[PDB]
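Asker: Let me begin by handing over the structure; questions about it come next.
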Amino acid sequence: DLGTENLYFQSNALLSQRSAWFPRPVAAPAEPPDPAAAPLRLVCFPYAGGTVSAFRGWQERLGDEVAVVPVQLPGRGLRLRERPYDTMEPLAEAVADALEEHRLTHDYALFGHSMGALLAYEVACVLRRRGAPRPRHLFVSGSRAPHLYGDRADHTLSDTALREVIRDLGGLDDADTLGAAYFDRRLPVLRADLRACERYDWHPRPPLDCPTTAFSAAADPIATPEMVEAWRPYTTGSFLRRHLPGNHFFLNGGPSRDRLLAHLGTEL
Amino acid sequence: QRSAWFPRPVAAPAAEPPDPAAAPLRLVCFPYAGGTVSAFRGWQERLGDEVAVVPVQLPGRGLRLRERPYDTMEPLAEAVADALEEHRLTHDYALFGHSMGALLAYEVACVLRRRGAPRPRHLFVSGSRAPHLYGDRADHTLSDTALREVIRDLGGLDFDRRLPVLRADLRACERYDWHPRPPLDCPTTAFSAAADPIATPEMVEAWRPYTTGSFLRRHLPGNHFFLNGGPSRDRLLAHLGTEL
């Protein structure tokens, strides 16, 4: 019997290929949104010796409902010819002046890492005393609470000694390939920035009113759950601590960066 | 002075996708009824290099348009599970699904358990009532026009070739014959939408007992197709990122 009644289905060889069930994912069409018109503006502050570069790629990860507005402090990038501030208060006042002048003091949140967390805090306090609108949210990472600053004296150490602390903390993994000479470029700005945190002495004041989310890191000696837990009374709004796997310089890239961004996205 | 203080960030170099073979986590993604892998466009760049996004193309659509679509959930889950095992996707994996796809994801996790495979690292269920609440709807029996207007009214169209596939997908949900089973053990996160009449907060909260691990429900803005764009899509991706 060679007739058509006697025919049988055979395994479909096309379906054995990976791409039949699992096509490779597809990138979306690549804005960015205008800071002036965005529903929310996330004003971001770097760590000591850092620049707005830390925030590259945040915009694409966070999407179109928030404008990422990194702040470039004097002494770096296009501002390389300007003396860096070395005291927290005038810096925070100059940032507050800049935010007001450029009309960034509505529908905004603040983010800062390490020194930039303290700066973000100090900026929130200055804006409050001026009667400006409060932030929608304050995000701090890699930072102990303000009253816990003052312990350290890194900005006094020698070039080599300071560089080794930065290396030790995870800020100099590049050196393996780029050589350490690269880093010495940053020394004057790093020292100025560091002086602002290290000579800081928290004077008691009322807590803020904005929600605050703080991030601790498992491998950060200076961001342990309890140093970061200490931010809790600095606001009369809701407080959350989220814990991350990385070190003091996780901002630079990896799982912790991705998770920070995710957490940020949940609260914006 | 705006350029001094507040320089616009430069565009990032959109990263090379991670190899699903080598990624520390593979997120296996199932679409809604009548949907395709296009639902998950852009997910990979948004989630970053620590997770390979693996959308699943089901029979009956795209290049698989000549295959009869499954209209029952168990054999569909078994065919998916065959494919996952064949292609070594049955470790270091998580599952996502939306609406019908959430039910399928749950069924796939159950098939993989019966087969002795490693459990999912996480189950994400989005815009779906819990399994035992399915089987009351009959949208798959409606006229071409009435069915289209149901989808249009839920916010799905803003088709006729794809009607037989939509119907089969809906049949799998609406004929679903729930049987009590032991709960899963994997962490599970459920998403409800404020403007979703189908999968209300209470219907979504009802997933809680389907796992013995941690359960979270997040409540988002948006309608039944909230994953398709806008604020709610962004928030979903962010919640997803916090657990991957």
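Lettering and numbering for the structure tokens are positional, with chains as A, B, ... in the shown order, residues counted from 1 in each chain, and ligands counted from 1 in the shown order.
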Excluding residue 157 (chain B) and residues on its chain fewer than 5 positions from it, collect all residues at most 9 Å away from it, counting only C-alpha atoms, and give them as JSON, numbers by chain.

Answerer: {"B": [148, 151, 152]}

Asker: Could you list, as an NGL selection string, the residues of chain A having an atom within 7 Å of chain B when counting only C-alpha atoms?

Answerer: :A and (18 or 21-28 or 56-57 or 61 or 63 or 65 or 69-73 or 78-79 or 98 or 102 or 255 or 258-259 or 262-263 or 265-266)

Asker: Selected residues, N, CA and C atoms, written as a CSV table (one decimal), in the first residue's frame, please.

Answerer:
chain,number,residue,atom,x,y,z
A,18,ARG,N,17.5,26.1,17.8
A,18,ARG,CA,17.4,27.0,18.9
A,18,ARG,C,16.5,28.2,18.6
A,21,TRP,N,12.3,28.2,18.8
A,21,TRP,CA,11.6,28.6,20.0
A,21,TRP,C,12.1,29.9,20.7
A,22,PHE,N,13.4,30.1,20.5
A,22,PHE,CA,14.0,31.2,21.2
A,22,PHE,C,14.8,32.2,20.2
A,23,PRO,N,14.0,33.0,19.6
A,23,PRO,CA,14.6,34.0,18.7
A,23,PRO,C,15.5,35.0,19.6
A,24,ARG,N,16.6,35.4,19.1
A,24,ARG,CA,17.4,36.4,19.9
A,24,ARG,C,16.7,37.7,20.2
A,25,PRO,N,16.9,38.3,21.4
A,25,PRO,CA,16.2,39.5,21.7
A,25,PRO,C,16.5,40.7,20.8
A,26,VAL,N,15.6,41.6,20.7
A,26,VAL,CA,15.8,42.7,19.8
A,26,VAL,C,15.8,44.1,20.5
A,27,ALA,N,16.9,44.9,20.2
A,27,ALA,CA,17.0,46.2,20.7
A,27,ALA,C,15.8,47.1,20.3
A,28,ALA,N,15.3,47.9,21.1
A,28,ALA,CA,14.3,48.9,20.8
A,28,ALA,C,14.9,50.1,20.0
A,56,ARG,N,27.0,58.1,33.0
A,56,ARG,CA,26.8,57.8,31.6
A,56,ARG,C,26.0,56.5,31.6
A,57,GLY,N,24.9,56.5,30.7
A,57,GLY,CA,24.1,55.3,30.5
A,57,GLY,C,22.9,55.2,31.5
A,61,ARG,N,18.9,53.5,30.8
A,61,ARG,CA,18.4,52.6,31.7
A,61,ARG,C,17.1,53.0,32.4
A,63,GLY,N,14.9,55.4,31.3
A,63,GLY,CA,13.8,55.6,30.4
A,63,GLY,C,13.3,57.0,30.3
A,65,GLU,N,10.7,58.8,31.3
A,65,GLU,CA,9.9,59.6,32.3
A,65,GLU,C,10.8,60.4,33.3
A,69,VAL,N,20.1,64.5,35.3
A,69,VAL,CA,20.8,65.8,35.3
A,69,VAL,C,22.0,65.7,36.2
A,70,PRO,N,23.1,65.2,35.7
A,70,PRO,CA,24.3,65.1,36.6
A,70,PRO,C,24.8,66.5,36.8
A,71,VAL,N,25.4,66.7,37.9
A,71,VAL,CA,26.0,68.0,38.3
A,71,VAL,C,27.5,68.0,38.1
A,72,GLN,N,28.1,68.9,37.3
A,72,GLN,CA,29.5,69.0,37.2
A,72,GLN,C,30.1,70.0,38.1
A,73,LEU,N,30.8,69.6,39.2
A,73,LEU,CA,31.5,70.4,40.2
A,73,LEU,C,32.7,71.1,39.6
A,78,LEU,N,34.5,70.4,31.5
A,78,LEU,CA,34.6,71.7,31.0
A,78,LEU,C,35.0,72.8,32.0
A,79,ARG,N,35.0,72.4,33.3
A,79,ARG,CA,35.3,73.3,34.4
A,79,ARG,C,36.7,73.1,35.0
A,98,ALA,N,22.9,77.4,41.5
A,98,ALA,CA,22.8,76.9,40.1
A,98,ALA,C,21.5,76.2,39.8
A,102,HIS,N,18.8,77.8,37.1
A,102,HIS,CA,18.4,77.0,35.9
A,102,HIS,C,17.1,76.3,36.1
A,255,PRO,N,26.8,44.2,38.5
A,255,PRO,CA,25.5,43.8,39.1
A,255,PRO,C,25.0,44.9,40.0
A,258,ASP,N,23.6,47.9,38.1
A,258,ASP,CA,22.4,47.5,37.5
A,258,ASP,C,21.2,47.5,38.5
A,259,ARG,N,21.5,46.9,39.7
A,259,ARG,CA,20.5,46.9,40.7
A,259,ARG,C,20.1,48.2,41.3
A,262,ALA,N,17.9,49.8,38.9
A,262,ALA,CA,16.6,49.1,39.0
A,262,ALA,C,15.8,49.7,40.2
A,263,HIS,N,16.5,49.7,41.4
A,263,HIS,CA,15.8,50.3,42.6
A,263,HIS,C,15.4,51.7,42.4
A,265,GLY,N,14.6,53.1,39.5
A,265,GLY,CA,13.5,53.1,38.6
A,265,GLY,C,12.1,52.7,39.3
A,266,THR,N,12.2,51.9,40.3
A,266,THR,CA,11.0,51.5,41.1
A,266,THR,C,10.4,52.7,41.9

Asker: If you count only C-alpha atoms, which residues fall within 10 Å of residue 138 (chain A), apart from same-chain ones fewer than 6 positions away, as JSON, numbers by chain?

Answerer: {"A": [42, 43, 108, 109, 110, 111, 112, 117, 120, 121, 124, 208, 209, 210, 211, 212, 213, 214, 235, 239]}

Asker: Let's see if you can do this: from backbone DSSP, list all strand (DSSP E) residues in region 41-82 of chain A, as an NGL selection string.

Answerer: :A and (41-45 or 66-70)

Asker: Considering only C-alpha atoms, return as a ChimeraX atom specification whatever protein or nucleic-acid residues lie within 8 Å of residue 192 (chain A), sequence-local ones (same chain, fewer than 6 positions apart) excluded.

Answerer: /A:84-87,155

Asker: If you keep N, CA and C atoms, can you produce a file of those selected residues as a compact mmCIF listing (two decimals), in the first residue's frame?

Answerer:
# COMPACT_ATOMS: atom_id res chain seq x y z
N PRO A 84 38.71 73.88 42.45
CA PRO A 84 37.69 73.10 43.14
C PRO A 84 37.36 73.70 44.51
N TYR A 85 36.08 73.73 44.86
CA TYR A 85 35.68 73.98 46.25
C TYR A 85 36.32 72.92 47.14
N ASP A 86 36.74 73.34 48.33
CA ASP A 86 37.29 72.41 49.29
C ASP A 86 36.56 72.42 50.63
N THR A 87 35.40 73.07 50.68
CA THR A 87 34.58 73.14 51.89
C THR A 87 33.13 72.89 51.45
N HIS A 155 42.69 63.06 52.70
CA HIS A 155 43.19 64.19 51.92
C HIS A 155 44.53 64.74 52.40

Asker: Could you name the residues that touch residue 144 (chain B) at 12 Å or less, counting only C-alpha atoms, but leaving out those on the same chain fewer than 5 positions away, as a ChimeraX atom specification?

Answerer: /B:139,149-151,159-164,166-167

Asker: By how many Å are CA of residue 251 (chain A) and CA of residue 222 (chain A) apart?

Answerer: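 Computing it gives 14.6 Å between the two atoms.
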
Asker: Can you measure CA of residue 236 (chain A) to CA of residue 205 (chain A) for me? One decimal in Å is fine.

Answerer: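 Straight-line distance from CA of residue 236 (chain A) to CA of residue 205 (chain A) works out to 12.8 Å.
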
Asker: Give me the residues near residue 189 (chain B) as a ChimeraX atom specification, where near means some atom within 9 Å (using only C-alpha atoms) and where sequence neighbours in that chain fewer than 5 positions away do not count.

Answerer: /B:122-126,207-208,214-218,240

Asker: For CA of residue 123 (chain A) and CA of residue 147 (chain A), determine how far apart the two atoms are, in Å to one decimal place.

Answerer: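 Those two atoms sit 15.6 Å apart.
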